[PDB]
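Enquirer: This is the structure I have questions about; it appears just below.
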Amino acid sequence: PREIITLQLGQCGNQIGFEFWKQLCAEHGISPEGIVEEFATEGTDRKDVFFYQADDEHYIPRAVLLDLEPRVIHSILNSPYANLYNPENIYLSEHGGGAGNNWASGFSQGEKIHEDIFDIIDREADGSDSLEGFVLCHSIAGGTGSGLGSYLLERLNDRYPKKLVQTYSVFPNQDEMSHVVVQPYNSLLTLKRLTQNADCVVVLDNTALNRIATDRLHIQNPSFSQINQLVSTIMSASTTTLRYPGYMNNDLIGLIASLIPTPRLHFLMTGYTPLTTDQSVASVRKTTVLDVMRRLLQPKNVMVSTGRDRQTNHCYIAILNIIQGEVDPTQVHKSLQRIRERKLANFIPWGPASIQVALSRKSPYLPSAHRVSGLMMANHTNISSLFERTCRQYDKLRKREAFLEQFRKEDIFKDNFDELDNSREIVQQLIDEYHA
Amino acid sequence: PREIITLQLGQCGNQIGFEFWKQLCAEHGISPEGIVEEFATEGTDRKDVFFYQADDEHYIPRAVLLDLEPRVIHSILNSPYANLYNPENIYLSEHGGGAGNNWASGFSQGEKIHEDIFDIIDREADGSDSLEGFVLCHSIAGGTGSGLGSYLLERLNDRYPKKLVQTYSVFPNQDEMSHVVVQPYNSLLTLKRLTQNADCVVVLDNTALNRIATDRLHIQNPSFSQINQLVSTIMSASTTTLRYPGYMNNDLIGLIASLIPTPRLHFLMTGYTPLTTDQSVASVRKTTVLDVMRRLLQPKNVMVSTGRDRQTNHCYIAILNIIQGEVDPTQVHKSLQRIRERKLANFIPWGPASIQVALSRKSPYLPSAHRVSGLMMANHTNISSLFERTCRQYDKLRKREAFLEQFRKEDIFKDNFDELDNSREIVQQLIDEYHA
Amino acid sequence: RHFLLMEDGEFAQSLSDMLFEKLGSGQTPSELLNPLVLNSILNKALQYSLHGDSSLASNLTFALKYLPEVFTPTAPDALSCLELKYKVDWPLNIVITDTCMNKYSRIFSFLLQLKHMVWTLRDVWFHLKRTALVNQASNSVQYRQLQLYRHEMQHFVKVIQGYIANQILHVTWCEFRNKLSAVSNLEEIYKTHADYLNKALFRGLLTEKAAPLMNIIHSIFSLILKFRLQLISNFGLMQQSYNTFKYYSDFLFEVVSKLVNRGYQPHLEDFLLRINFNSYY
Amino acid sequence: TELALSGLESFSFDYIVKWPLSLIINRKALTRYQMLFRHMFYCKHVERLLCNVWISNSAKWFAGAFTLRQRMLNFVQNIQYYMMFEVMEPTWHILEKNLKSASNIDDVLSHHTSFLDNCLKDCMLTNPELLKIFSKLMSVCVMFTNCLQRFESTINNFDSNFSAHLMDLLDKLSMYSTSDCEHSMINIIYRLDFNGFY
């Protein structure tokens, strides 16, 4: 009874979760309409947390896929994952709604589809014996995932008050603003809701995805459909200490609690090294334990856009370093001995810090039971560089006199412009103030 | 923890390091990305020190290659060593700027590529344990390699005031003036940086290269195009106390420290004996080590233009005799016993001089692991004969009229020509003053 | 051969970095926790140059001795008070005796002090890196005759050790392995290995543990502290420091001449090279 | 040995075994093994109860509460989780090689109980004074877990019990350093000290 309903919502957010669900069948090694293997209980030692708790003798996904675009739910059946999803909770065969592109359009459409959105996730969290929480797999990009998603962070936060809240935030591309210009308004609107009706975030910059897609994959030009590959991997990578053995704080409310020093200091930088084609053929011949988990303490894999002078003028407070598959686990403390001799990572000395290392035995699948994958879940205090990026683009646009009565056409009829500047400046001083 | 960044710069400077890296794979007898012999770990007991160890099945040079003509580094692309170098980490594949041939082009191009030029040698070090220094593998020939490389002789000894500077300067052919006609200018400007913005130097004369190529390697056709073949051999010879262990002077700053009496004297004459071909028809019966140091205390290998009555009107002050590999190491001290009886050694006519012998192993590689090898890294006071050659070809150019205005087309627009002349006669004279 | 004679000189190189955490003593922590955190980083110092892994570097262990180097307050050192201790264990101790361990601590300790001279002389070479932490290349405010007396210093040390390195390595490695092995019948090795060890220290320097050659290496150390402390930071005090060095070398010359007998220790032959140097000017 | 003792928590099992596996694993050996269970049974209840006070929670008491729970959970996690994690994975490995190797059923029992007294000593030194320091660490999360279910001056009672166990681990640090200086358990508890260092 550690059941999570993931709320894949938004146009880009459904796609990062689509290929997330196609990965879990591949590592439990089952045909997606049954358990057809015995590796289902021996290899993966959990049978529920992203599955419905049995009463039929089957394991159905605990998934909701809500969008206002039917293009995402019609792309279910262009693949054989339309006999894994069932049409009454996980989708609704044809569902319309607004274009919508404006945040304040979808935010009031949350308030009249209030009956179905709070009775669609409770007609599937009515087999659970105590809910772990809701992970809002929703995009910050577009006005569909962002409009409805800033609403649900308020209402699952007043009827489920001890529930774990956690988002997979994915931003809109910031280096194209020749096709969009509403981009600093709709982004910062969600971020205000993230620093007081939410507890944890995961911040994923899109230009810092595409940094890696040209530095590890080597495509001619990154575009939506080549961006679902880096995001979907880090999702199935975060539940490799919740589905596979650990021992202590291997529940989801153990790891995620220890990466939050305090509300408004929870912005987690993510790194994921294995996408390259000549580092994928170095694990067949085994690479050393003394270099595959010190490379998760080397900053060159970050999915947050920052400077390289702020990774040395700022220090880690909570860092998680997940090695997968091969590990050789009797030199994992030898690897931890050597952090002090190279000094690649710097650590707080004003107060306690934690370098959490974990290893887990995964189920059979050649990309992960023979291949070393390293997932980083940092908490580094140069996240204020993103908050400068969104405030410096917000104030520049309101002086060109745009979105001051052209964003107020739906549900906004009050002043709230300096309310968004002041809360961002609160966050940027209270992080920096928490560590000397 | 003695990681050195080679800064290969210029038209020739890229070629002498192109054949330096190529010399290491062939002397360790392995693939430049594989292992196909066990001599790699057994011969070389510190496989990474100018490389880094495998994690992708490929060797990683610690090299940068910038120049003002993009042609020389595309002549590194053409050659099949693109699985020993990286054309996005180890070189900028097409880097332009000047025509060029002016010294003043590249000296002003390091100061508008000032931000990028120290984030490519300090991004080239990023897993390093600790830095030894920098070797500026740059060219004096042309104004391109000389132009930007002379700016880095200053900024690397005060942004890193505790790291090593030492240059492989290679002059353009002094039997031409039709290759580069700005040659007396670009030489002397760098020679001002060689006496007070340096530490130790290696000056290599080009006409003494072709003196040896037809007398020890006996090719009929003396040309300017044997410039890189004799140089790449002495480059790989100089660092057999860092890529294979030493005992005393077990660092490179060990050898180089004891060959510097005062600033302005540290210009080391390099000699390397194994070029003889009549020592190789007598390698079955093992050639002797008793007459191979009568080539380091008598001319037979100088790549420095020096006179024949300047090996007696000047003496050795410091002389280092590096024996390498198989050598029969139990009679090399017997060989140094019979030097004093003949008097082949030359000592200053006042106080201490010192004939240092040291030894070091090497990997399987028959011309210096089956034959006696003699490297001289001398320090002779006879180095003013060249400084008179460069001064006498410099003032000769001013009675021809050239580069009193054709040098001031970019950057230089103030007079400082008799300022480079005055400091040079101060150099040539204090050396003669320093001895009786 | 690799960890006492330092033919894996990468270890003695890593020692130079540990010795860059010293610069004399005391000023370093004193705890019973001081060997506990220091025996680890020395075993790791072979990996610190990125060579091998611990399983041939667990034959070597270190026992840190405590001695007063504040000269009544205890503060321990890694010059002559850091000692390699070779293991006694069931596979090799046919060669291992407790007498032969006494001389393993002596060779490892004899190398380490002369190496701290050589290292700290190169701390001076980083000081004077030019543009412009050098200040001055000659007179006035002196560098000309300063550096003249500096270079005849680094002559003498680099060429003394050079002669000492060649009697240390060559005959000992031919004497040992080949002979012992070839003579086959192997029994009671520790009476032969100790005779080997007794010839090996004869080759080192020996000095009969009493003789003024031992007084000149003590005394030239006492000026070497004055050389690093003045150059790190007085010009009359510079030139006095090497006038005492010139006293100590001219004292050495008269000692070589009363050691000259007809053949008497392999250092003697190599010393008469330098004697004939002295004759040449 | 006295650490692990009957309180409100004294949880074990009694493993059902029969001949000829009953002399592979002595019940007297199971009493020797269930106290090493018990040492890890307390520190996961410590560690889980600092999660359960974190999820049950600016204003006056609220802002101070995030700093005492953040500092208290890293105290529990750097001594307990890390020392156990460098324990459990090598101990599985040194037991599979004593498992296979045995020509008798009293050989694998002797090779298990000469394993078992090493595991007690390096994880817990014999003296009642490590008890005293575990409970004070535990009493500050005990003042916490009721105060998140009760609804200032509550913080300074928490801070006085925070300073009580801080003085005592420093006294515990001196008890680490007056041990053998020869046996690898001092090398184990040093690595405890470096985890609390960063």
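Going by Swiss-Prot, the residues shown for chain A are 2-437, listed in order.
Going by what the header records, the deposited coordinates were determined by electron microscopy, 4.6 Å.
Note: Cβ is positioned from N, Cα and C throughout, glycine not excepted.
Found this in Swiss-Prot, in case it helps:
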{"type": "BINDING", "residues": "A:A142, A:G143, A:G144, A:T145, A:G146, A:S147, A:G148", "note": "GTP binding site"}
Enquirer: For A:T145 (GTP binding site), list the number of other Cβ atoms lying within 10 Å of its Cβ atom.
Expert: 30
Enquirer: On a count of neighbouring CB atoms within 10 A, which of the binding-site residues A:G143, A:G144 is highest?
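Expert: When each Cβ's neighbours within 10 Å are tallied, A:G144 tops the list.
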Enquirer: Would you count the other CB atoms within 10 A of the CB of A:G146 (GTP binding site), including those on all shown protein chains?
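Expert: If we count other Cβ atoms within 10 Å of A:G146 (GTP binding site), we arrive at 27.
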Enquirer: Identify, in sequence order, the residues in the chain of A:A142 (GTP binding site) that are 6 or more apart from it along the sequence and have a CB within less than 8 Å of its CB; answer 'none' if there are none.
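Expert: Result: A:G11, A:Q12, A:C13, A:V171, A:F172, A:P173, A:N174, A:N207.
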Enquirer: Restricting to the same chain and to sequence separations of six or more, state which residues have a Cβ under 8 Å from that of A:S147 (GTP binding site).
Expert: A:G11, A:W104, A:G107, A:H139, A:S140, A:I141, A:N187, A:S188, A:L190, A:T191
Enquirer: Would you mind checking how many other C-beta atoms are within 10 angstroms of the C-beta on A:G148 (GTP binding site)?
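Expert: For A:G148 (GTP binding site), the 10 Å Cβ neighbour count is 29.
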Enquirer: If H, G and I count as helix, E and B as strand, and all else as coil, what does DSSP give for A:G143 (GTP binding site)?
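Expert: For A:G143 (GTP binding site) - judged by DSSP and reduced to three states - the answer is coil.
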Enquirer: Specify all same-chain residues, apart from the site residues A:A142, A:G143, A:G144, A:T145, A:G146, A:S147, A:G148, whose Cβ lies within 8 angstroms of the center of the Cβ atoms of the GTP site, ordered by sequence.
Expert: A:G11, A:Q12, A:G101, A:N102, A:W104, A:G107, A:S140, A:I141, A:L149, A:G150, A:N187
